[PDB]
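Below you'll find only one chain, the form deposited in one PDB entry, shown as structure tokens.
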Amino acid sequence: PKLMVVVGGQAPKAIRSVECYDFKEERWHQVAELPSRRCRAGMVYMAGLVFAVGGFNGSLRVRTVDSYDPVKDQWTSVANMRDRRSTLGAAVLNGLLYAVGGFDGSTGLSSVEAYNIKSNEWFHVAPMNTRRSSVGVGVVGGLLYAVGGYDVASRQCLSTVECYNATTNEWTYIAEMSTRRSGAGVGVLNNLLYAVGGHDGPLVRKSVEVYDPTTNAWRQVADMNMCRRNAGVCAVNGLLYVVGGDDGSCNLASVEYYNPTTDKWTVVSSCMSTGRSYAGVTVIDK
């Protein structure tokens, strides 16, 4: 029994609200608001806690990292990252929380940090080949993938994808996506890595592509119902949920999900209390 948790984001104002979707009841409720306005953060579930990593508070990019205990319904801080980091991705690999890329107001970042919950310490990880802002991250089969993004220096959206091996501590390019996607939602389902939506310039994509590490190849799947950049993604009971994001007009309050066995996207009838892009999304136990 799972709750999908949606944390902060931009509405377009940076917000504190955290909402959870209850799959049995098919409805949203609010839980404890974030300690601060936070959008453009990484978000993972780890050791029973939701971690909101970095991002933007409406004025400044931040290095703060806050964790939510859903049994207590309370936010508390963990160690700050070395670097202020926004539009990053975050994922858990081998019990460590990786904070990948982003932007700090001045430059985009190839830098990567890893958090050890036992010692409450972040440490330096090998950097990516490319500096990627608005990057999406997912872990499949012991490897961590950094998908697309925006290359600040080149002022363009990226089609390239890279993969991190923790044993060798290096990032290597893998097969490119079919198209450039900054702000792609990235999620994993049945050992496939999905890249949903994103954008190349001001037009927002509804297209979706899936990567198989066994073939090192991408292929198209069904388009989403809405164009979405900077949507959150998670996987629940065989289905890939895409939450909010920006459609080129508004921050969406809608959620839709992909059924890989029918190659169909279905819009959830109940919307969030607020539209959100650049919101954290993860799944916890109810």
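Heads up: residue numbers just count along the shown sequence, starting at 1.
FYI, the form deposited with a partner chain bound isn't displayed, but the following is about it.
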**Prompt:** Has each of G108, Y150 and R229 got a heavy atom lying within 4.5 angstroms of its partner chain in the deposited complex?
**Reply:** yes
**Prompt:** Should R61 be counted as a contact of its partner chain in the deposited complex, where contact means heavy atoms within 4.5 Å?
**Reply:** yes
**Request:** Could you confirm whether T130 comes within 4.5 Å of its partner chain in the deposited complex, counting heavy atoms only?
**Result:** no
**Message:** Against its partner chain in the deposited complex, would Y241 count as a contact residue? Criterion: heavy atoms within 4.5 Å.
**Reply:** no
**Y258, heavy atom within 4.5 angstroms of its partner chain in the deposited complex** = no
**Contact assignment for its partner chain in the deposited complex, among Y164, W122, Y211, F103, heavy atom within 4.5 Å** = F103
**Request:** From the candidate stretches 52 to 60, 219 to 227, 233 to 241, 24 to 32, select the single one in contact with its partner chain in the deposited complex, where contact means a heavy atom within 4.5 Å.
**Result:** 52 to 60
